[PDB]
$ cat data-v7.pdb   # PDB, C-alpha atoms (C1' of nucleotides)
ATOM      1  CA  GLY A 103       9.467 -77.226  45.783  1.00  0.00           C
ATOM      2  CA  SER A 104       9.140 -80.438  47.875  1.00  0.00           C
ATOM      3  CA  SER A 105      11.080 -80.621  51.222  1.00  0.00           C
ATOM      4  CA  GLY A 106      10.926 -82.516  54.591  1.00  0.00           C
ATOM      5  CA  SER A 107      12.956 -83.362  57.745  1.00  0.00           C
ATOM      6  CA  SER A 108      14.914 -86.689  57.264  1.00  0.00           C
ATOM      7  CA  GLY A 109      13.318 -86.996  53.734  1.00  0.00           C
ATOM      8  CA  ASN A 110      15.886 -84.511  52.329  1.00  0.00           C
ATOM      9  CA  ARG A 111      19.202 -86.323  51.493  1.00  0.00           C
ATOM     10  CA  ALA A 112      21.675 -83.465  50.633  1.00  0.00           C
ATOM     11  CA  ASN A 113      22.015 -82.361  54.296  1.00  0.00           C
ATOM     12  CA  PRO A 114      22.719 -85.414  56.611  1.00  0.00           C
ATOM     13  CA  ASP A 115      23.542 -85.535  60.385  1.00  0.00           C
ATOM     14  CA  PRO A 116      25.607 -87.968  62.626  1.00  0.00           C
ATOM     15  CA  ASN A 117      24.577 -91.666  62.769  1.00  0.00           C
ATOM     16  CA  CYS A 118      26.312 -95.054  63.476  1.00  0.00           C
ATOM     17  CA  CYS A 119      24.959 -96.065  60.012  1.00  0.00           C
ATOM     18  CA  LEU A 120      26.772 -94.618  56.931  1.00  0.00           C
ATOM     19  CA  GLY A 121      25.797 -94.678  53.226  1.00  0.00           C
ATOM     20  CA  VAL A 122      28.457 -95.224  50.503  1.00  0.00           C
ATOM     21  CA  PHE A 123      27.858 -94.181  46.854  1.00  0.00           C
ATOM     22  CA  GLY A 124      29.654 -94.548  43.448  1.00  0.00           C
ATOM     23  CA  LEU A 125      30.714 -98.233  43.820  1.00  0.00           C
ATOM     24  CA  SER A 126      31.997-100.632  41.135  1.00  0.00           C
ATOM     25  CA  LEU A 127      29.723-103.642  40.298  1.00  0.00           C
ATOM     26  CA  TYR A 128      32.531-106.075  41.401  1.00  0.00           C
ATOM     27  CA  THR A 129      32.733-104.656  45.019  1.00  0.00           C
ATOM     28  CA  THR A 130      31.601-106.976  47.896  1.00  0.00           C
ATOM     29  CA  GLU A 131      30.345-106.247  51.424  1.00  0.00           C
ATOM     30  CA  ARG A 132      33.674-107.850  52.570  1.00  0.00           C
ATOM     31  CA  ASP A 133      35.761-105.265  50.623  1.00  0.00           C
ATOM     32  CA  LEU A 134      33.705-102.415  52.147  1.00  0.00           C
ATOM     33  CA  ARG A 135      34.116-103.994  55.641  1.00  0.00           C
ATOM     34  CA  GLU A 136      37.947-104.366  55.217  1.00  0.00           C
ATOM     35  CA  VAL A 137      38.166-100.711  53.994  1.00  0.00           C
ATOM     36  CA  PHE A 138      35.921 -99.222  56.771  1.00  0.00           C
ATOM     37  CA  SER A 139      36.746-101.426  59.865  1.00  0.00           C
ATOM     38  CA  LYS A 140      40.212 -99.739  60.121  1.00  0.00           C
ATOM     39  CA  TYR A 141      38.222 -96.670  61.416  1.00  0.00           C
ATOM     40  CA  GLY A 142      36.345 -98.665  64.179  1.00  0.00           C
ATOM     41  CA  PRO A 143      33.894-101.531  65.027  1.00  0.00           C
ATOM     42  CA  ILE A 144      31.289-102.631  62.399  1.00  0.00           C
ATOM     43  CA  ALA A 145      28.286-104.919  63.105  1.00  0.00           C
ATOM     44  CA  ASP A 146      27.145-105.285  59.428  1.00  0.00           C
ATOM     45  CA  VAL A 147      27.570-104.078  55.777  1.00  0.00           C
ATOM     46  CA  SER A 148      24.972-104.255  52.949  1.00  0.00           C
ATOM     47  CA  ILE A 149      25.218-103.426  49.195  1.00  0.00           C
ATOM     48  CA  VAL A 150      21.967-102.350  47.430  1.00  0.00           C
ATOM     49  CA  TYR A 151      20.927-104.553  44.438  1.00  0.00           C
ATOM     50  CA  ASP A 152      18.515-104.567  41.435  1.00  0.00           C
ATOM     51  CA  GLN A 153      15.311-106.670  41.858  1.00  0.00           C
ATOM     52  CA  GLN A 154      15.252-108.199  38.293  1.00  0.00           C
ATOM     53  CA  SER A 155      19.004-108.718  37.509  1.00  0.00           C
ATOM     54  CA  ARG A 156      20.641-108.868  41.040  1.00  0.00           C
ATOM     55  CA  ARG A 157      23.464-106.465  39.916  1.00  0.00           C
ATOM     56  CA  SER A 158      24.689-103.730  42.309  1.00  0.00           C
ATOM     57  CA  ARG A 159      22.860-100.351  42.010  1.00  0.00           C
ATOM     58  CA  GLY A 160      26.219 -98.532  42.710  1.00  0.00           C
ATOM     59  CA  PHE A 161      25.504 -97.902  46.451  1.00  0.00           C
ATOM     60  CA  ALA A 162      25.755 -99.558  49.881  1.00  0.00           C
ATOM     61  CA  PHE A 163      25.594 -98.958  53.653  1.00  0.00           C
ATOM     62  CA  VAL A 164      27.963 -99.652  56.601  1.00  0.00           C
ATOM     63  CA  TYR A 165      26.687-100.110  60.196  1.00  0.00           C
ATOM     64  CA  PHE A 166      29.194 -99.112  62.959  1.00  0.00           C
ATOM     65  CA  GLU A 167      28.772 -99.958  66.693  1.00  0.00           C
ATOM     66  CA  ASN A 168      29.571 -96.257  67.569  1.00  0.00           C
ATOM     67  CA  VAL A 169      28.643 -92.797  66.115  1.00  0.00           C
ATOM     68  CA  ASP A 170      32.150 -91.308  66.748  1.00  0.00           C
ATOM     69  CA  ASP A 171      33.873 -94.050  64.662  1.00  0.00           C
ATOM     70  CA  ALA A 172      31.228 -93.417  61.944  1.00  0.00           C
ATOM     71  CA  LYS A 173      32.110 -89.643  62.163  1.00  0.00           C
ATOM     72  CA  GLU A 174      35.770 -90.690  61.549  1.00  0.00           C
ATOM     73  CA  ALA A 175      35.074 -93.035  58.565  1.00  0.00           C
ATOM     74  CA  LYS A 176      32.604 -90.550  56.933  1.00  0.00           C
ATOM     75  CA  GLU A 177      35.405 -87.901  56.681  1.00  0.00           C
ATOM     76  CA  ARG A 178      38.154 -90.490  55.802  1.00  0.00           C
ATOM     77  CA  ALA A 179      36.501 -92.374  52.876  1.00  0.00           C
ATOM     78  CA  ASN A 180      34.532 -89.504  51.193  1.00  0.00           C
ATOM     79  CA  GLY A 181      36.386 -89.031  47.825  1.00  0.00           C
ATOM     80  CA  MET A 182      38.619 -92.165  48.164  1.00  0.00           C
ATOM     81  CA  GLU A 183      39.040 -94.683  45.288  1.00  0.00           C
ATOM     82  CA  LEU A 184      37.771 -98.313  45.380  1.00  0.00           C
ATOM     83  CA  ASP A 185      38.133-100.812  42.446  1.00  0.00           C
ATOM     84  CA  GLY A 186      38.858 -97.836  40.055  1.00  0.00           C
ATOM     85  CA  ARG A 187      35.722 -95.779  41.044  1.00  0.00           C
ATOM     86  CA  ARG A 188      35.684 -92.717  43.367  1.00  0.00           C
ATOM     87  CA  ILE A 189      33.256 -93.219  46.319  1.00  0.00           C
ATOM     88  CA  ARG A 190      31.319 -90.584  48.355  1.00  0.00           C
ATOM     89  CA  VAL A 191      30.174 -91.134  51.993  1.00  0.00           C
ATOM     90  CA  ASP A 192      27.513 -89.612  54.335  1.00  0.00           C
ATOM     91  CA  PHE A 193      25.498 -90.442  57.520  1.00  0.00           C
ATOM     92  CA  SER A 194      22.267 -92.492  57.099  1.00  0.00           C
ATOM     93  CA  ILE A 195      19.040 -90.324  57.169  1.00  0.00           C
ATOM     94  CA  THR A 196      16.940 -93.579  57.394  1.00  0.00           C
ATOM     95  CA  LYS A 197      17.884 -97.288  57.901  1.00  0.00           C
ATOM     96  CA  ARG A 198      16.634-100.948  57.926  1.00  0.00           C
ATOM     97  CA  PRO A 199      17.472-101.589  61.685  1.00  0.00           C
ATOM     98  CA  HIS A 200      14.922-100.446  64.337  1.00  0.00           C
ATOM     99  CA  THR A 201      14.494-100.637  68.196  1.00  0.00           C
TER     100      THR A 201
ATOM    101  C1'   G B   1      25.145 -91.955  27.750  1.00  0.00           C
ATOM    102  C1'   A B   2      24.040 -89.872  36.902  1.00  0.00           C
ATOM    103  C1'   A B   3      27.704 -92.002  41.372  1.00  0.00           C
ATOM    104  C1'   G B   4      22.138 -90.984  46.350  1.00  0.00           C
ATOM    105  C1'   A B   5      18.238 -93.746  51.663  1.00  0.00           C
ATOM    106  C1'   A B   6      18.022 -99.317  50.976  1.00  0.00           C
TER     107        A B   6
END

$ encode --input "data-v7.pdb" --output "structure tokens"
Amino acid sequence: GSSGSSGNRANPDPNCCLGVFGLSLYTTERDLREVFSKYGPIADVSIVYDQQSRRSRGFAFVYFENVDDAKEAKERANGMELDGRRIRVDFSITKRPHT
RNA sequence: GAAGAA
């Protein structure tokens, strides 16, 4: 079947950017930042939204200022509970920032 | 009556 480096998403690798999945529709970027900034410094946080209704799609991303604090948070928050939903967490394979 | 790369 189909397969490619950094296109596959069930086999991530370390990155300052983390993805967060399973979220409740009432979660804000501020709740994610208060829950993840206890593991280290965070420059930004962004929830992913529907284009026609502006509701959350159930996933988001968290941008640390260091890969080793992202390696901490990725192991800390994977399988935790937030607003009555379990969340899962992994390193970003791709991201909106670029340099 | 998916909880996954924007």

$ interface_residues --input "data-v7.pdb" --of "chain B" --to "chain A" --cutoff "9 Å" --atoms "only C-alpha atoms (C1' of nucleotides)" --output "ChimeraX atom specification"
/B:3-6

$ atom_distance --input "data-v7.pdb" --atom1 "CA of residue 173 in chain A" --atom2 "CA of residue 137 in chain A"
15.0 Å

$ residues_near_point --input "data-v7.pdb" --point "(30.0, -103.2, 57.1)" --cutoff "7 Å" --atoms "all atoms listed in the file" --output "list in words"
residues 131, 134, 135, 144, 145, 146, 147, 148, 164 and 165 of chain A

$ atom_distance --input "data-v7.pdb" --atom1 "CA of residue 169 in chain A" --atom2 "CA of residue 118 in chain A"
4.2 Å

$ resolve_selection --input "data-v7.pdb" --expression "the PyMOL selection byres ((chain A and resi 143) around 6)" --output "ChimeraX atom specification"
/A:139,142,144,166-167

$ write_last_selection --input "data-v7.pdb" --atoms "C-alpha atoms" --output "PDB file, in the coordinates of the input"
ATOM      1  CA  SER A 139      36.746-101.426  59.865  1.00  0.00           C
ATOM      2  CA  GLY A 142      36.345 -98.665  64.179  1.00  0.00           C
ATOM      3  CA  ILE A 144      31.289-102.631  62.399  1.00  0.00           C
ATOM      4  CA  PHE A 166      29.194 -99.112  62.959  1.00  0.00           C
ATOM      5  CA  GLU A 167      28.772 -99.958  66.693  1.00  0.00           C
TER       6      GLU A 167
END

$ atom_distance --input "data-v7.pdb" --atom1 "CA of residue 170 in chain A" --atom2 "CA of residue 116 in chain A"
8.4 Å

$ decode --input "data-v7.pdb" --residues "range 142-157 of chain A" --atoms "N, CA, C and O atoms" --output "compact mmCIF listing (two decimals), in the first residue's frame"
# COMPACT_ATOMS: atom_id res chain seq x y z
N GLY A 142 7.51 22.92 30.30
CA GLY A 142 8.51 23.80 29.69
C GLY A 142 7.94 24.96 28.85
O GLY A 142 6.72 25.15 28.83
N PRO A 143 8.81 25.75 28.19
CA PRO A 143 8.45 27.00 27.52
C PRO A 143 7.71 26.75 26.20
O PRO A 143 8.13 25.92 25.39
N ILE A 144 6.64 27.51 25.96
CA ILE A 144 5.73 27.38 24.80
C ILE A 144 5.55 28.75 24.12
O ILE A 144 5.10 29.70 24.76
N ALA A 145 5.88 28.83 22.83
CA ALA A 145 5.76 30.04 22.03
C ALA A 145 4.33 30.27 21.50
O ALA A 145 3.92 31.42 21.35
N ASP A 146 3.58 29.20 21.23
CA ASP A 146 2.24 29.25 20.63
C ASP A 146 1.48 27.91 20.79
O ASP A 146 2.08 26.87 21.05
N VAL A 147 0.16 27.97 20.62
CA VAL A 147 -0.79 26.84 20.68
C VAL A 147 -1.93 27.13 19.71
O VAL A 147 -2.42 28.26 19.65
N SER A 148 -2.36 26.13 18.94
CA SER A 148 -3.37 26.29 17.89
C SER A 148 -4.28 25.06 17.79
O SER A 148 -3.82 23.94 17.54
N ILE A 149 -5.58 25.25 17.99
CA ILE A 149 -6.61 24.22 17.77
C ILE A 149 -7.03 24.24 16.30
O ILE A 149 -7.01 25.29 15.66
N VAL A 150 -7.37 23.07 15.74
CA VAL A 150 -7.73 22.92 14.33
C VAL A 150 -9.27 22.92 14.21
O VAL A 150 -9.95 22.20 14.94
N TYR A 151 -9.81 23.76 13.32
CA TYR A 151 -11.25 24.06 13.21
C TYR A 151 -11.85 23.74 11.83
O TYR A 151 -11.15 23.73 10.81
N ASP A 152 -13.16 23.49 11.79
CA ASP A 152 -13.95 23.28 10.58
C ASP A 152 -14.15 24.59 9.79
O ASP A 152 -14.39 25.65 10.37
N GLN A 153 -14.08 24.52 8.45
CA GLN A 153 -14.11 25.69 7.57
C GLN A 153 -15.53 26.28 7.37
O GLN A 153 -15.65 27.46 7.04
N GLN A 154 -16.59 25.50 7.59
CA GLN A 154 -17.98 25.92 7.34
C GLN A 154 -18.75 26.26 8.62
O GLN A 154 -19.66 27.09 8.60
N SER A 155 -18.38 25.66 9.76
CA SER A 155 -19.08 25.79 11.04
C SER A 155 -18.21 26.35 12.19
O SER A 155 -18.75 26.72 13.24
N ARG A 156 -16.88 26.42 12.01
CA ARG A 156 -15.90 26.98 12.96
C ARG A 156 -15.84 26.24 14.32
O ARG A 156 -15.26 26.74 15.28
N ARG A 157 -16.41 25.02 14.39
CA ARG A 157 -16.27 24.08 15.51
C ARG A 157 -14.88 23.44 15.50
O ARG A 157 -14.26 23.31 14.44
